[PDB]
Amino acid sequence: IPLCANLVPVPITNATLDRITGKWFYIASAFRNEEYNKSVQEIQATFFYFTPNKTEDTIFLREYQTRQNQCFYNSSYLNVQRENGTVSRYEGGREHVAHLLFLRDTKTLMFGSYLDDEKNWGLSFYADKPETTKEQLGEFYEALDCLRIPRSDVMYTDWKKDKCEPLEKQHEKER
């Protein structure tokens, strides 16, 4: 099985939307795009919820980000472009598009940014737990290997640093 196979766009079905539904933890990312490297540098932890709306091709996103030892919560909707296998988010006068990609491990997922551009591409890595196994991490490294991004360029979260669970639990009461 060739290295790049899981870096090819895959159309998103209802089944794909079911598979991504729920809580994910941000594990790691690496990009050649400087803007993304800059934004991500400062993220210490992040977890999020996806609630797809299959009929509107949107996904409701609730996001719990830790930067500078404090909790920033945002909710918004992503749009789904099923055929291209991408999801998009409007983030300040700009639509941002990412390819939804998969690894052998069904408890992970990744998003590819600027995948058609060798000067800007990158990958972000997510798991259903804030800790990953060495198998999950190797799959991610292999994907980076395909983009010729060295492993040493990877930026990681630190689940020790999460400042957001006290907000998530406070949100659970109301909902």
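If you superpose the two forms and keep the largest set of C-alpha atoms that fall within 1.5 Å, you have the rigid core. Residue positions are given as counts along the sequence shown, with the first one as 1.
Put simply, when the other structures in 4 other deposited structures of this protein are lined up on the rigid core, the C-alpha atoms of 92-100 lie farther off than those of the other stretch, from 71-79 and 92-100. Of the two segments 20-28 and 7-15, the one whose CA positions lie farther from the displayed form in 4 other deposited structures of this protein, once all are superposed on the rigid core, is 7-15. 5-13 and 162-170 differ in mean CA B-factor, and the higher of the two is recorded for 162-170.
The mean Cα B-factor in the deposited entry runs higher for 41-49 than for the other of 41-49 and 134-142. Listed residues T58, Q68, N120, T108 were ranked by CA B-factor as deposited; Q68 comes out on top. Compared with the other modelled residues of the chain, the Cα B-factor recorded for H99 ranks in the lowest third.
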